Amino acid sequence: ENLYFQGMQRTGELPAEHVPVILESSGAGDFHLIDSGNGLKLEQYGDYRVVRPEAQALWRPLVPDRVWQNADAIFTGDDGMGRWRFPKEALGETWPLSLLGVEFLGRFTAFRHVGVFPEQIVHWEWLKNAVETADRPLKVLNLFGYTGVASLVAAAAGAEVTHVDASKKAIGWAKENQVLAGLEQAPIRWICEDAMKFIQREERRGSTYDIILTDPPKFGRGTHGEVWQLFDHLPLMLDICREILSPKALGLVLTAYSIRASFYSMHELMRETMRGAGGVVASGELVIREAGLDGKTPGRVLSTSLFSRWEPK
Amino acid sequence: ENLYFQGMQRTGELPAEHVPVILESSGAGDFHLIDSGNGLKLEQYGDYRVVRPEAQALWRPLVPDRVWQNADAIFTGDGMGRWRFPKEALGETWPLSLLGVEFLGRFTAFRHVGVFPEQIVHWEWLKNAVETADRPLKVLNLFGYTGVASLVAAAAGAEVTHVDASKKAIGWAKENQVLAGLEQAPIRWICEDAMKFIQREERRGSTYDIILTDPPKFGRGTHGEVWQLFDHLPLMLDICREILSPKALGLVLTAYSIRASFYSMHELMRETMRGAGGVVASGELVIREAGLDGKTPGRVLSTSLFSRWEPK
Amino acid sequence: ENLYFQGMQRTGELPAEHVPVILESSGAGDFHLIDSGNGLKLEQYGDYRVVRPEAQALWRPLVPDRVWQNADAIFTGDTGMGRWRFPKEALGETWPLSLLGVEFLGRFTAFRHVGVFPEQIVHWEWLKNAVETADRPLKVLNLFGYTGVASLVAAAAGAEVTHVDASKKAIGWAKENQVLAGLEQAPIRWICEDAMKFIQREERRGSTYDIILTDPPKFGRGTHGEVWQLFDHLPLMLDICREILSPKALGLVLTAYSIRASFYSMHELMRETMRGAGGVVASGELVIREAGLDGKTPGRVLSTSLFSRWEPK
Ligand SMILES: C[S@+](CC[C@H](N)C(=O)[O-])C[C@H]1O[C@@H](n2cnc3c(N)ncnc32)[C@H](O)[C@@H]1O
Ligand SMILES: C[S@+](CC[C@H](N)C(=O)[O-])C[C@H]1O[C@@H](n2cnc3c(N)ncnc32)[C@H](O)[C@@H]1O
Ligand SMILES: C[S@@+](CC[C@H](N)C(=O)[O-])C[C@H]1O[C@@H](n2cnc3c(N)ncnc32)[C@H](O)[C@@H]1O
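Residue numbers (our numbering), protein chains in the order written: chain L, 1 to 313; chain D, 1001 to 1312; chain P, 2001 to 2313.
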């Protein structure tokens, strides 16, 4: 029961809604899902073919064994930490990739992650369009920014970006992507801090942003050990986000992975957060479709994450 | 069963005893307990009113919910958590003063705010012991934490050795030293397992006039040494005795996590001090609620055990 | 079940086998096992008499209580971090030792381990002989090298040594031993890396070694958090080791403290790994025999570890 992190009461009427909205990613170029099944997925990231666990890929693989057995890297093991197997000669920590004009690194760590969630291109497209068509310089806030591809998309489009992540290591990775992308001179502020602390302090300062993106994990830790738990804390976070939106704000975008909840729960939370603000809240799932070996052969849907987006419409 | 951490054999009579002794504080300073109940407590720390869990505060709160809700900071979660700041975001630290010593309250990911204000009773004993001493005194403060006792002793003119296994905690204590204006005071900062340090002091023939020790139920030395109060305390107290000066003024043991009785601490202390004369006083250290006005005595909240040997 | 870490299929005949081979050390010079029983052991390491837990010492102690009660240090256990008791007086962190001509430090940490496995002298003797009777300087690889006494034995004998350990702290200890042993100028290359990642990279580089020693724990962690689990990963490890043996290799030596397995399981793994390579695989247990107080007095066997050794013999 939420005692201390409740959203504040707002006046006015709930915004309009579009729900469910299923967003489906196209590859993308350097990424496609080749095949999946038996609790695994087979993905192409540029020159690297990778096998990773995907528990919900319950069905049987449709692409021949020979294609799976030609993978460059296979993630194995059971905390979250495991071991990559490299069955041929592909090796080192990193490899270059590009999505939506932004060059960044795929990276093998002890975790199953590869340094990008390429399905998020659908949201980066929304972001890029919003920045490049705005007739004024925009401020974009990116919370839980990870390897920073959204930050770089926004920076490349002309935004003044503030990227927030509690992990100094992840900030380092994002900065490496910034160099690779040729965006060293772009206005990106790198904030290594707990995300909710940063925004509450921004609220106290009276700071505002035109677009806020937020990608909270189910569980996290702030830079000074502050426990983050999505189901305990999200209502306060979104409330503070609204308090730091500019009068002419273009959007508030929430993405959520790996969570025992429907998009309807993100949706109704977002609708209530934005009570009296007008506009429209669109929510649902973000999915990838299998594309086969050639990348042109549509197959099954693999749902990755939830989203809810407010816009002034 | 304790096989390897037994105290040495002693001769003579057990010291005199005063037991139970209940030591009480009510916060006539930058601290008081406002209210408690339903497994929580409402406290004033200087400019901030804070709400923290207190599982043994089983009774019902006497101050209206509206007041608790109005707190500046609430500690939440299941040991790490998250502080909620309902009015507006608060900075990490805020200045406090107790017994003439200025130090920092601190919001960390834990429930601890950087001070145990009830310990002012033991600080007052210490302050008096040092002040009224004819001679310069050597004070050892084991498991010293944020070091308010170290600063009290330094301010009274003692030569202080502060021992804590945590470099982070030493850092906080040093920050307090600076804020308190005690940078030129003789405080030696030792980052080491406490029992290792005192056994090495014994080997060196070092002595101290006053020893305070605040061991946790479980801890870890600077180099991973496992500390467990019920396995190791008998040996620690025995070594403490071995490093007391001939004219020592006291040995003070404080113990949180109040599962064992003060009687156990008491019988162990008394036996450790066999043949040393003086008196062992033991019991609990408690805070009494003071209400919104700080002047309305309420319920007792017991925080810790203590046992103190003095030549008294 | 092993899906991703199988050794390649080999053709040809399994090497000859000698099994069980029980290797026994009675402790010379600075080490011997005085007595053991009641789940404890009483050992002399140079000038210190030490008591440590030894759960399999189920029998009774045969040396009087007085002698045990005169110990300089006793390890007392939460299980495996604990606390050393020094009953006579506080002991410093380290003390000088020497075995097989190599000077190194005994060390009190929060674990039961004193900085050397002196029973390993039997394998060090095999190694010393192999290096010092060779007609060329041998390349010796030592995986999971710990405090590096084997590395120092090989280097003293004239080998070019590569020492691999994921722990920077352990590498630091080994280097301290190198200094103490007077081997600072010797060709020892200190590698702080996951052992399997290092050897796969060696394989890619086409590198070879004349002798390979590997002492994998049941469970470990690479420098960059890679999970090591002997039962999941050892088959691939040994196969890569084979691929980095020189044509004129003198041996591949596996040691394992995972006592629960039989030496037969290390044996058959090593035999199959070396299929078609000729030579001989000898496997069994490495044991210490109690030496008692005075005279060299043969007592009970304390088995410490498993081993399997391939040689071209
Ligand atoms: C942890 S999530 C990982 C990706 C995706 N959102 C998911 O849940 O799988 C994205 C980023 O959030 C960061 N993070 C976790 N807790 C945080 C916190 N309390 N404040 C700021 N960033 C945090 C992580 O360091 C990471 O780079
Ligand atoms: C951990 S206790 C916490 C306060 C109070 N004594 C309690 O138990 O709740 C006080 C200090 O003991 C220190 N400490 C814990 N184990 C220690 C050890 N083995 N040696 C020296 N200091 C230790 C901690 O770093 C901390 O600052
Ligand atoms: C095997 S462990 C301890 C000694 C003995 N083998 C045992 O299991 O009890 C020996 C060394 O392996 C190292 N180690 C553990 N995991 C490793 C890894 N993944 N790669 C390289 N070294 C590792 C440790 O740092 C340690 O110094």
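Positions of the beta carbon are idealized from the N, C-alpha and C atoms, including for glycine.
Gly1219 (chain D): CB within 7 Å of a non-hydrogen atom of ligand 2: The sequence position of residue 1219 (chain D) within the second sequence is 219, counting from 1. Indeed, a heavy atom of ligand 2 lies less than 7 Å from the Cβ.
CB contact flag (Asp47 (chain L), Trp95 (chain L), <8 Å): Taking the first residue of the first sequence as position 1, residue 47 (chain L) is located at position 47. Taking the first residue of the first sequence as position 1, residue 95 (chain L) is located at position 95. The answer is yes: Cβ separation under 8 Å.
Chain P residues whose Cβ lies nearer than 9 Å to that of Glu89 (chain L): Here the question's residue 89 (chain L) lines up with position 89 in the first sequence. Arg2204, listed in chain order.
Neighbouring residues, chain D, relative to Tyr4 (chain L) (Cβ below 8 Å): Here residue 4 (chain L) refers to the residue found at position 4 when the first sequence is read from its first residue. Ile1074, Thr1076, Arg1084 and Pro1086, listed in chain order.
Residues of the segment 1224–1235 of chain D whose Cβ lies closer than 9 Å to any Cβ of chain P, in chain order: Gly1224, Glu1225, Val1226, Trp1227, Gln1228, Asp1231, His1232 and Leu1235
Meets three-Cβ-pair contact criterion under 8 Å: the segment 1268–1277 of chain D and the segment 1199–1216 of chain D: no
Delimiting residues of the beta strand (DSSP E) encompassing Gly1077 (chain D): Looking up residue 1077 (chain D) in the second sequence gives position 77. Unbroken beta strand (DSSP E) run through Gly1077 (chain D): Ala1073 to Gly1077.
Under 7 Å from the C-beta of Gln2185 (chain P): neighbouring residues of chain L: For this step, residue 2185 (chain P) is matched to residue 185 along the third sequence. By Cβ distance, chain L contributes nothing, its closest Cβ being about 32 Å from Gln2185 (chain P), past 7 Å.
Any C-beta of chain L under 8 Å from that of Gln2009 (chain P): For the purposes of this step, residue 2009 (chain P) is identified with residue 9 of the third sequence, where counting begins at 1. It does not; no Cβ of chain L falls within 8 Å.
Beta-carbon neighbours of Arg1241 (chain D), restricted to chain P and to distances below 9 Å: Walking along the second sequence from the start, residue 1241 (chain D) turns up at place 241. Near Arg1241 (chain D) there are no residues of chain P at all, since even the closest Cβ is about 16 Å away, more than 9 Å.
Reduced DSSP category for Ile211 (chain L) - H, G, I as helix; E, B as strand; rest coil: Taking the first sequence and counting its residues from 1, the one referred to as residue 211 (chain L) is at position 211. Note: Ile211 (chain L) maps to strand in three-state DSSP.
Assigned exposure category for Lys197 (chain L) - 16 Cβ within 10 Å defines buried: Against the first sequence, residue 197 (chain L) aligns to sequence position 197. Looking at its Cβ environment, which holds 16 or more other Cβ atoms inside 10 Å, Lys197 (chain L) is buried.
Contact set for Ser1026 (chain D): own chain, Cβ-Cβ below 6 Å, skip 5 residues either direction: Locating residue 1026 (chain D) in the second sequence gives position 26, where the first residue counts as 1. Excluding residues within five positions, the ones whose Cβ falls inside 6 Å are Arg1288 and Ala1290.
Contact the segment 1164–1180 of chain D vs the segment 2049–2066 of chain P: 3+ CB pairs below 8 Å: no
Exposure of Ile191 (chain L), with buried meaning 16 or more beta-carbon neighbours within 10 Å: Taking the first sequence and counting its residues from 1, one reaches residue 191 (chain L) at position 191. That one is buried.
Sheet register partners of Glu2311 (chain P) (DSSP bridge): As a working note, residue 2311 (chain P) is residue 311 in the third sequence. DSSP output for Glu2311 (chain P) lists P:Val2280 as bridge partner(s).
Listed by chain order, chain D residues near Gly2172 (chain P) by CB distance under 8 Å: In the third sequence, residue 2172 (chain P) corresponds to position 172, counting from 1. What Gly2172 (chain P) touches in chain D: nothing, since even the nearest Cβ is about 14 Å away.
Check: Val164 (chain L) C-beta below 7 Å from any heavy atom of ligand 1: Taking the first sequence and counting its residues from 1, the one referred to as residue 164 (chain L) is at position 164. The answer is yes for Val164 (chain L).
Contact with chain D by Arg201 (chain L), beta-carbon distance below 8 Å: For this step, residue 201 (chain L) is matched to residue 201 along the first sequence. Yes, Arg201 (chain L) lies at the interface with chain D (some Cβ there is under 8 Å from its Cβ).
Proximal chain P residues relative to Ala110 (chain L), where beta-carbon distance stays under 8 Å: Residue mapping note: residue 110 (chain L) aligns to position 110 of the first sequence, counting from 1. Result: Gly2222, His2224, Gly2225, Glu2226 and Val2227.
Cβ pair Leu1096 (chain D), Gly1298 (chain D) closer than 8 Å: Counting from 1 along the second sequence, the entry for residue 1096 (chain D) is found at position 96. Counting from 1 along the second sequence, the entry for residue 1298 (chain D) is found at position 298. In this structure, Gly1298 (chain D) does not lie closer than 8 Å to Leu1096 (chain D) by Cβ.
For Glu2043 (chain P) and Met2008 (chain P), the rounded distance between their alpha carbons: By 1-based counting over the third sequence, the position of residue 2008 (chain P) is 8. By 1-based counting over the third sequence, the position of residue 2043 (chain P) is 43. Taking the straight line joining both Cα atoms gives about 44 Å.
Pick from P:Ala2134, P:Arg2136 and P:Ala2155 that is closest to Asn2142 (chain P), judged by C-alpha positions: Along the third sequence, one-based indexing puts residue 2142 (chain P) at 142. The shortest Cα separation from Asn2142 (chain P) among P:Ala2134, P:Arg2136 and P:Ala2155 belongs to P:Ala2155.
Residue burial classification, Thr1254 (chain D) (beta-carbon count within 10 angstroms, cutoff 16): Translated into positions along the second sequence, residue 1254 (chain D) becomes position 254. Buried, by the Cβ-count rule.
When D:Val1300, D:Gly1171, D:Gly1039 and D:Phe1306 are compared against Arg1188 (chain D), the one with the closest alpha-carbon: By 1-based counting over the second sequence, the position of residue 1188 (chain D) is 188. Looking at the Cα atoms, D:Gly1171 is the closest of the given residues.
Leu1126 (chain D) versus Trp1309 (chain D) - alpha carbon distance: Locating residue 1126 (chain D) in the second sequence gives position 126, where the first residue counts as 1. Locating residue 1309 (chain D) in the second sequence gives position 309, where the first residue counts as 1. If I take the Cα positions, the gap works out to 13 Å.
Spatial distance of residue 1973 (chain P) from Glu89 (chain L) (CA atoms): Shown here, chain P extends from 2001 to 2313; a query on residue 1973 (chain P) therefore has no answer.
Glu203 (chain L) beta carbon near ligand 1 (any heavy atom closer than 7 Å): Along the first sequence, read from residue 1 onward, the residue named residue 203 (chain L) stands at position 203. No, since every heavy atom of ligand 1 falls outside the 7 Å radius drawn around the Cβ of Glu203 (chain L).
Beta-carbon proximity check, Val2131 (chain P) vs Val2140 (chain P), cutoff 8 Å: Within the third sequence, numbered from 1, the residue matching residue 2131 (chain P) stands at position 131. Within the third sequence, numbered from 1, the residue matching residue 2140 (chain P) stands at position 140. Cβ distance < 8 Å, so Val2131 (chain P) and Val2140 (chain P) count as in contact.
The alpha helix (DSSP H) enclosing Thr133 (chain L), as first and last residue numbers: Start at 1 with the first residue of the first sequence, and residue 133 (chain L) comes out as number 133. Note, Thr133 (chain L): alpha helix (DSSP H), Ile121 to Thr133.
Cβ-heavy atom distance, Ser1302 (chain D) to ligand 2, below 7 Å: The residue you call residue 1302 (chain D) lines up with position 302 of the second sequence. No; taking the cut-off as 7 Å, the Cβ of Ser1302 (chain D) has no heavy atom of ligand 2 nearer than that.
Same chain, Cβ closer than 8 Å to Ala1260 (chain D), five either side skipped, listed in chain order: The residue given as residue 1260 (chain D) occupies position 260 in the second sequence. Only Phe1230 and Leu1305 meet the Cβ criterion.
Straight-line gap, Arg2201 (chain P) to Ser2246 (chain P) (C-alpha atoms, nearest Å): Here residue 2201 (chain P) refers to the residue found at position 201 of the third sequence. Here residue 2246 (chain P) refers to the residue found at position 246 of the third sequence. Their backbone Cα atoms lie some 16 Å apart in a straight line.
Contact set between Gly1039 (chain D) and chain L, taken where Cβ atoms lie within less than 7 Å: Counted from its first residue, the second sequence places residue 1039 (chain D) at position 39. Going along chain L, no residue has its Cβ under 7 Å from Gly1039 (chain D), so there is no contact; the nearest lies around 12 Å.
Length at least 4, wholly inside the segment 2024–2072 of chain P: the alpha helix (DSSP H) runs in chain order: 2065–2069
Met196 (chain L) at chain P interface by Cβ criterion, 8 Å: Looking up residue 196 (chain L) in the first sequence gives position 196. Judged by the 8 Å Cβ criterion, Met196 (chain L) is not in contact with chain P.
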